Amino acid sequence: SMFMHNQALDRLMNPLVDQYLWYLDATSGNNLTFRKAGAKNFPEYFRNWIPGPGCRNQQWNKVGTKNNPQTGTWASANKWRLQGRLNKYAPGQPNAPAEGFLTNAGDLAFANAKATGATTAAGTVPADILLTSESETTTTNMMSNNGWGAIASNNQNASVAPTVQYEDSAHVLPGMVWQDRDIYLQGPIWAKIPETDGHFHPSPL
Amino acid sequence: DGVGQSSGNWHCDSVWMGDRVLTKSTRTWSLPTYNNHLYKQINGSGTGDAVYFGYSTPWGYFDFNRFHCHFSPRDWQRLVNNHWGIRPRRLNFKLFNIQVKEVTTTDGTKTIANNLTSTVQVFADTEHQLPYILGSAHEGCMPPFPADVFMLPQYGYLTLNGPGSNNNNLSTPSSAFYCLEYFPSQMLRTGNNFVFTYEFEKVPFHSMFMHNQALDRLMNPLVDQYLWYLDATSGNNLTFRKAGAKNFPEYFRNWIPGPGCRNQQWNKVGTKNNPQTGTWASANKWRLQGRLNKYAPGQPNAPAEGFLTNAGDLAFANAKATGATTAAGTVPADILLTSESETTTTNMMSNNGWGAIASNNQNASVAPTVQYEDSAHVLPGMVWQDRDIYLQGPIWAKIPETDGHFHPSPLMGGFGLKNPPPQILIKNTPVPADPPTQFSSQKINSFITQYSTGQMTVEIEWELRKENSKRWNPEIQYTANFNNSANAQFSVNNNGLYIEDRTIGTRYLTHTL
Amino acid sequence: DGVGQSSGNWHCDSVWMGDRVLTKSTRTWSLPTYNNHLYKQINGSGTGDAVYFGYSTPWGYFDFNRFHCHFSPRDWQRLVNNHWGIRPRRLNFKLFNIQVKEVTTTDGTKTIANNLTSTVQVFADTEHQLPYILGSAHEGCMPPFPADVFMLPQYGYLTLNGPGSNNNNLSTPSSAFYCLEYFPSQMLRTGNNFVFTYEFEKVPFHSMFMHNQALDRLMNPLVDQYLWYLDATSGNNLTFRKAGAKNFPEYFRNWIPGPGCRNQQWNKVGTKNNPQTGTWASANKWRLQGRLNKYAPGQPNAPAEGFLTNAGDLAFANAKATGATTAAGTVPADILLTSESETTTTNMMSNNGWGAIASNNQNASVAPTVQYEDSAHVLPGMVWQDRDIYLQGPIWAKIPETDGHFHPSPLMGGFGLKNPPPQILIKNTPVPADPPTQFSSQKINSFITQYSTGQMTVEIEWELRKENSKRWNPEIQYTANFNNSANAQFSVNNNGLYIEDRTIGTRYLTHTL
């Protein structure tokens with residue numbers, strides 16, 4: 001798909017007319033109160049579709065003075081382990097980072113022909129290194145600077161108040177849509193799907 | 001043809017054949033002039049979870065998407081007791097008997113006349129090149145009851161927004177603007193009419209059956225399994241028990257319950273609930289582009305008996321309920337709740353997490369421990385039931401076009417479609433008022449106030465799965481309430497208002513898991 | 001046919017094929033009664049540079065001549081990035097859904113009714129026997145945005161005038177008077193419609209490309225020329241240098257830059273400009289019949305960077321600009337400037353003359369001198385680029401019929417045509433009021449006030465030159481402004497007003513000179 005979306009998921013609707021669906025807004029006063037979805041309050045609308053999977057990833061600011069001075073980035077990386085040995089998880093799901101931030105190996109990067117040797121360094125991203133951006137996917141996909149959402153952490157009663165907890169990682173669910181990572185001019189074309197008893201959505205990462 | 005001859009007839013009925021089935025409906029509508037013949041930008045203010053950028057349009061549209069448009073409460077009863085499944089096949093849409101009227105206002109006395117030469121213009125969008133707002137469960141559908149007259153909703157959409165200064169409501173470079181006069185459309189005077197046909201692509205039947213067995217309960221109780229497991233480590237040696245002897249939790253199984261997540265549960269008895277001035281901070285939320293949206297409805301997880309969730313399940317209201325809110329000591333008499341409890345066999349309940357897993361390594365000194373998993377996503381060997389379709393609920397939805405999607409059944413329930421039925425858009429053609437005698441290049445501001453009305457009709461062809469079950473004993477079926485009442489069920493009252501008593505689920509007949 | 005059936009449908013879209021391309025547009029118009037059903041003489045006063053003699057006519061006309069009528073800003077982008085040239089081929093014009101309305105005024109309350117039996121009458125002039133006022137870049141075209149409604153302009157022309165006493169406004173014997181009812185025309189009630197077709201004669205494509213090389217720079221830098229010239233006379237002897245050694249100004253060339261004339265240049269920063277209460281005495285003027293006319297626009301000469309000329313180049317304005325004037329410290333946000341700077345390769349800049357030539361004979365005693373030429377006309381071996389076509393600019397113009405004309409490309413840009421598209425003229429047929437009972441031979445003064453409205457449509461067939469270029473590196477292309485904004489580009493605002501951000505030139509893709 002060569003196209004960037006024209007609308008966000010949460011934003012698919014008609015703003016001019018309210019929904020016919022009712023929800024429980026308020027428990028106050030020893031009674032239940034059902035609000036109606038509408039009146040230009042978007043977060044309360046019902047939706048058929050939810051954003052794509054992903055996981056939270058460490059974010060390094062492109063301005064070097066604002067970054068923690070790590071002699072190298074390994075212990076901070078996202079890792080998956082196989083046969084008792086740890087491998088960096090790269091690149092991850094096509095999650096975009098915050099504006100002005102990046103991740104190590106989370107997204108593709110290239111270099112000029114002027115860059116030789118195994119390393120380059122500059123106060124900001126070097127002039128040789130060519131970064132890529134997944135930001136065109138933020139409509140459907142999940143950003144990397146926070147988890148996927150929140151869920152209920154406890155049962156309630158009249159005495160105890162409701163609480164929630166945050167989910168930093170979200171895997172595949174029914175009714176979940178996402179955009180695959182983009183193909184660049186300097187990037188690979190294909191890959192061989194390994195032969196296994198099962199594989200899910202075999203688009204190369 | 002002509003001013004004095006009708007362009008159509010009234011067709012509303014239901015034809016029950018063996019395999020197909022054909023439902024006809026027709027209604028009377030009224031179309032105003034929205035935005036005084038103008039497109040308009042609309043946007044929010046400030047940074048917040050609700051912010052938007054979009055356009056409002058001087059066009060109406062026909063939304064038949066909801067079920068009870070096409071079915072009467074008797075046909076629905078007749079549908080769900082006898083059958084295991086239904087899916088759409090064809091639809092046929094027609095407009096006719098268009099009549100356009102002008103409104104002259106002298107003092108506070110309106111004079112409405114009949115303008116014979118005015119036109120309306122309508123087109124169906126078959127390539128889905130417009131933003132698609134159907135399937136978002138808005139209002140403005142046909143009424144449930146054939147004798148009501150309804151006003152068509154205004155068309156509008158909202159596009160990408162982007163940050164700047166303190167306002168996230170700025171238009172991003174890629175914000176799209178669609179002019180609907182840039183579509184070929186058919187212009188209709190009172191004499192001529194409009195029709196087109198459409199055919200659904202094959203989708204799986206919606207399952208009308210409730211399961212006959214739980215997952216964990218699929219087995220023969222009379223014979224024990226041949227599989228062995230480690231029951232007990234006591235005594236410096238390993239002891240292998242054999243699965244059987246009527247101890248079910250120890251059996252091996254091929255299949256595991258469906259995905260879900262834990263959700264806050266509010267007791268239907270108001271005195272037992274924590275007094276929250278409003279429920280937001282307690283809701284299940286997913287976030288997109290740095291703003292939080294309630295997660296609704298969630299996966300089809302049922303709550304505990306006597307409990308419910310906010311927006312986790314669908315809810316409706318009568319015609320007696322007006323305004324944006326209703327309140328009562330218990331669930332109000334107007335609100336119509338839905339229940340997913342028929343799915344508890346395969347699916348997961350919302351009052352606890354999915355299970356437990358091992359929290360640590362062990363040795364002779366340290367004891368084994370476990371932890372609980374409040375959220376479970378999809379795994380191999382996982383089965384689930386999709387949310388049920390109701391009489392008052394939506395029918396289909398448009399699968400968004402993306403590089404990937406998983407099990408695209410709409411979370412409000414329905415038939416996910418790649419190529420859904422085309423949106424149908426209609427407008428009153430503008431008639432300007434008397435122009436000045438001297439020439440001016442500015443736009444024409446003043447028009448003639450007018451509106452239009454006429455009948456529409458919709459014909460759906462449904463395909464249904466016949467039911468063959470050899471169970472001996474009788475089954476649960478839908479039955480009209482057994483009680484005497486001041487007003488009959490699904491009927492009009494003294495004041496003339498049609499009232500729907502219950503959301504009627506489709507799942508009664510049992511089927512073996 | 002009849003009162004109750006529409007005579008046409010709404011067609012607006014764009015069909016992109018490989019070679020042909022076909023654009024459709026349709027709009028809603030409103031036609032008043034001009035001059036109260038009368039022809040009238042119009043004339044100036046006194047002797048001056050602006051004096052006129054002519055006639056005003058009770059007829060309207062349809063002007064589609066401007067580009068952005070036919071193209072949307074997306075189609076225009078799609079046009080100019082992919083292609084080296086375009087020329088028109090066919091056009092198709094249609095009127096339909098005519099409706100005529102009468103205005104009765106009782107006190108200050110207008111009552112507008114619908115008069116079914118009134119007619120409008122329209123004709124196309126295919127022999128060009130009327131004075132041709134299209135291509136003079138007047139107002140009254142279709143709006144850029146399909147949803148606007150516009151009022152048709154009044155038709156009028158002005159003929160020869162001649163001197164007498166102190167008044168140059170007298171009518172010369174050969175002043176022509178044209179009665180437009182002396183043309184056969186088709187009379188239309190509400191039921192019947194109007195159509196005709198037209199086909200352009202072959203004209204050269206408009207070049208959509210910006211050159212890849214300057215004239216003086218066409219050569220191989222690596223090898224010197226074999227041609228010899230006289231560099232130096234010193235030492236009582238002649239010395240012949242050889243052209244080469246990377247000294248470009250000395251090279252021989254086959255071609256020389258295009259014609260032009262020097263033009264006054266006003267800096268876009270207002271503090272740097274001389275405070276003239278108005279710019280006339282400083283303008284470039286040409287005079288005809290003893291009266292001076294500004295020369296606008298001149299030859300396609302570009303000015304210096306950061307400078308402009310009055311009327312030397314085209315300029316437009318938004319819909320927010322009303323009234324006859326706008327002012328700002330810099331160029332106003334409403335005014336849309338155009339730039340010819342893409343032509344500086346072949347053409348001449350306006351900030352200096354064309355070159356220098358020898359001013360005297362020499363001898364041993366007297367030194368050689370030169371003089372500068374501020375104006376250069378056409379010579380053999382002279383190449384130039386014609387002015388570019390914009391989205392808001394005119395399309396064609398009518399080549400006047402004369403014994404000679406040179407390179408008839410219109411100076412405002414466009415396609416010069418011998419046989420341009422025919423003017424289309426329309427009028428409300430007069431309906432007299434109640435005549436007196438006794439007979440009178442005088443004209444009927446009193447009529448019934450009425451106007452008319454209805455849709456029109458225009459279909460142009462464009463032929464375009466495909467682009468094949470083997471250059472390795474990417475090219476400049478038109479791109480929507482990358483910035484976030486309160487209002488999107490080329491889109492409607494909160495109040496409902498359509499706003500055009502940029503005049504979009506056609507020249508992006510490079511081509512070798």
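Going by the header, the method for this PDB entry is cryo-EM, and the resolution given is 3.03 Å.

Colleague: Help me get a handle on the overall build of chain A, residues and values and all.
Modeller: Helix and strand counts for chain A come out as 0 helices and 13 strands. From first element to last, N terminus to C terminus, chain A shows the α and β order β-β-β-β-β-β-β-β-β-β-β-β-β. Scaling as 2.2 N^0.38, a compact globule of 205 residues should have a C-alpha radius of gyration of about 17 Å, whereas chain A reaches 22 Å, well beyond that. Projecting the C-alpha coordinates of chain A onto the three principal axes gives extents of approximately 70 × 40 × 40 Å. Here chain A, with 205 residues, has 43% of them falling under the buried criterion. Accessible surface for chain A amounts to roughly 11200 Å². Of this, 53% is attributable to carbon and sulfur atoms. Across chain A, the centroid of the 15 positively charged side chains sits 6 Å from that of the 15 negatively charged ones.

Colleague: Any details on the nonpolar core? Residues and values, ideally.
Modeller: Among the nonpolar cores identified, the biggest contains 142 residues, and B:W29, B:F93, C:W29 and C:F93 are the most heavily contacted of them. Discounting chain neighbours no more than four positions away, the residues touching B:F93 are B:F62, B:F64, B:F194, B:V195, B:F196, B:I424, B:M456, B:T457 and B:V458. Counting residues in each nonpolar core, the second largest holds 20 residues, with A:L9, A:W178, B:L288 and B:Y295 among its members.

Colleague: So what's going on with empty space enclosed by the protein? Residues and values would help.
Modeller: Summed over all chains, the structure comprises 14 cavities of 30 Å³ or more. For the largest cavity, the calculated volume is near 140 Å³. For the lining of the largest cavity, the secondary-structure elements that each account for two or more residues are strand 10 (149-152) and strand 12 (169-170) of chain A together with strand 18 (260-261) and strand 20 (285-288) of chain B. Among the residues forming the lining of the largest cavity, the class breakdown is 9 nonpolar, 6 polar and 2 charged.

Colleague: Describe in detail the packing of aromatic side chains, supporting the description with residues and values.
Modeller: Within this structure, the stated rule accounts for 60 aromatic pairs over all chains. Judged by centre distance (5.5 Å) and plane angle (80°), the ring pair of B:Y39 and C:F145 falls under edge-to-face. In this pair, B:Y39 is assigned in the loop between strand 2 (20-31) and strand 3 (40-43) and C:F145 in the loop between strand 7 (120-125) and strand 8 (149-151), connecting two distinct chains. Per residue, the accessibility class of B:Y39 equals that of C:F145, and both read buried. A ring pair is formed by B:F67 and B:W76, whose centres lie 5.6 Å apart and whose planes are at 65°; its orientation type is edge-to-face. This pair shows no difference in class: B:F67 is buried, exactly as B:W76 is.

Colleague: Report on the side chain of C:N493, specifying residues and quantitative values.
Modeller: Along the chain, C:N493 turns up in the loop between strand 31 (450-466) and strand 32 (510-511). Under the relative-accessibility criterion, C:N493 is labelled buried at 9%. If near-sequence neighbours (up to four positions away) are discounted, C:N493 is found in contact with B:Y39, B:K40, B:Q41, C:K320, C:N487 and C:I499.

Colleague: Describe the pairing of strand 13 (residues 194-199) of chain C, and please don't skip the residues or the numbers.
Modeller: Successive residues of a regular strand alternate their side chains across the two faces of the sheet. All names here are of chain C. Only one face of strand 13 is buried, namely the one carrying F194, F196 and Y198, since none of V195, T197 and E199 on the opposite face is buried. Pairing between strand 5 (residues 83-106) and strand 13: 6 bridges, direction antiparallel. Bridge pairing in strand 13 places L91 opposite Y198.

Colleague: Which residues make up the interface of chain B and chain A, and what values do they have?
Modeller: At the interface, 108 residues of chain B touch 85 residues of chain A. For the pair chain B and chain A, the summed buried surface comes to about 8300 Å²; carbon and sulfur atoms form 58% of the total. A per-residue breakdown of the area chain B buries against chain A is headed by B:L158, B:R287 and B:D403, which together make up 9% of the total. Counting the contacts that link chain B with chain A gives 3 salt bridges.

Colleague: Hey, could you go over the sheet that holds strand 2 (residues 32-36) of chain A for me, with residue numbers and the actual values?
Modeller: Adjacent strands of a sheet form backbone hydrogen bonds with each other and so pair up, either parallel or antiparallel. Taken in spatial order, the 3 strands of this open sheet run 1(A)-2(A)-24(B), and their pairing is antiparallel. Taken across any chain shown, the strands that pair with only one partner, and hence form the sheet edges, are strand 1 (22-26) of chain A together with strand 24 (325-328) of chain B. Direction aside, neighbouring strands of the sheet carry axes that sit 35° apart on average. Taken together, the 4 bridges between strand 2 of chain A and strand 24 of chain B define a ladder with antiparallel strand orientation. Its bridge partner being in strand 24 of chain B, A:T33 is matched across the sheet by B:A327.

Colleague: Tell me what's going on with the environment of B:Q423, and back it up with residues and numbers.
Modeller: Residues and elements named next belong to chain B. Its place among the elements puts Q423 in strand 32 (residues 423-428). C-alpha of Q423 to C-alpha of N263: the two residues are 160 residues apart in sequence and 36 Å apart in space. Look past the residues within four positions of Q423 in its chain and what remains in contact with it is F123, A124, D125, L130, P131, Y132, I133, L134 and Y155.

Colleague: Outline the relation of the copies chain C and chain B, listing residues and values.
Modeller: Least-squares fitting of chain C to chain B yields an RMSD of 0.0 Å, with the superposition described by an axial translation of 0.0 Å and a rotation of 72°. The symmetry that links the two subunits is that of a five-fold axis. When the interface residues of chain C are mapped onto chain B, a mere 5% of them again fall at the interface, so the copies present different faces.

Colleague: Could you give me a rundown of the interface of chain C and chain B, with the residues and numbers involved?
Modeller: Many structure descriptions define interface size as the accessible area lost when the parts assemble. In this assembly, 62 residues from chain C lie in contact with 55 residues from chain B. Interface area, chain C with chain B, both sides summed: about 4600 Å², of which 55% is carbon and sulfur. On the chain C side of the contact with chain B, C:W10, C:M151 and C:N484 bury the most area, a combined 15% of that side's loss. On inspection of chain C and its partner chain B, the count reaches 1 salt bridge. Of the charged contacts in the structure, one is a salt bridge between C:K110 and B:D434, with a shortest N-O distance of 2.6 Å. At the level of secondary structure, the elements contributing two or more residues to the side of chain C that touches chain B comprise strand 1 (13-16), strand 2 (20-31), strand 5, strand 6 (109-114), strand 8 and strand 31 of chain C.

Colleague: Describe in detail helix 2 (residues 73-82) of chain B, supporting the description with residues and values.
Modeller: Those residues of helix 2 of chain B lying buried are B:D75, B:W76, B:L79, B:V80 and B:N81. At its buried positions, helix 2 of chain B is contacted by strand 1 (13-16), helix 1 (67-70), strand 5 (83-106) and strand 33 (450-466) of chain B.

Colleague: I'd like a description of the pattern of salt bridges, backed by residues and values.
Modeller: Should their charged atoms come close, side chains of opposite charge can pair. Under the defined criterion, the tally for this structure stands at 35 salt bridges over all chains. B:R89 is the salt-bridge partner of B:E463, the closest N and O atoms lying 3.6 Å from each other. Of this pair, B:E463 sits in strand 33 while B:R89 sits in strand 5; the two residues are 374 residues apart in sequence, bridging distant segments of the chain. A salt bridge links C:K427 to C:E181; the nearest nitrogen and oxygen atoms lie 2.8 Å apart. Note that C:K427 is positioned in strand 30 (residues 423-428) and C:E181 in the loop between strand 11 (167-171) and strand 12 (186-188), a separation of 246 residues in sequence. Members of the salt-bridge network, linked through shared partners, are B:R20, B:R87, B:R89, B:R90, B:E461 and B:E463.

Definitions and cut-offs
Residues numbered from 1 in each chain as written, not as in the entry; some residues may be left out. Chains lettered and ligands numbered in written order. Part of a larger assembly, values for the part shown. Heavy atoms only, no water. Helix = DSSP H or I, 4+ residues; strand = E, 2+ residues; numbered from the N terminus. Rg over C-alpha atoms; globule rule 2.2 N^0.38 Å. Buried < 20%, exposed > 50% of the residue type's maximum accessible area, 1.4 Å probe, protein only. Areas by Shrake-Rupley, 256 points an atom, 1.4 Å probe, with all protein chains shown as cover. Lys, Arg positive; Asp, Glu negative; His and termini not counted. Charge placed at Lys NZ, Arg CZ, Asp CG, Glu CD. Core = buried A, V, L, I, M, F, W, Y, C linked by side-chain atoms within 4.5 Å. Contact = heavy atoms within 4.5 Å. 1 Å grid on protein atoms, 1.4 Å probe; cavity = no way out; pocket = protein on both sides within 12 Å on 5 of 7 lines; lining within 4 Å. Points joined across faces, edges and corners; volume = space filled by probe spheres on them. Nonpolar A, V, L, I, M, F, W, Y, C, P; charged D, E, K, R; others polar. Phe/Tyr/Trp six-rings, centres within 6.5 Å; stacked < 30°, edge-to-face > 60°. Pairing = 2+ DSSP bridges. Buried area = accessible area lost by both parts, 1.4 Å probe. Salt bridge = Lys/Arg side-chain N within 4 Å of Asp/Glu carboxyl O. Axes fitted to C-alpha atoms, helices over the stretch in contact; angles between N-to-C directions. Least-squares fit on C-alpha atoms.

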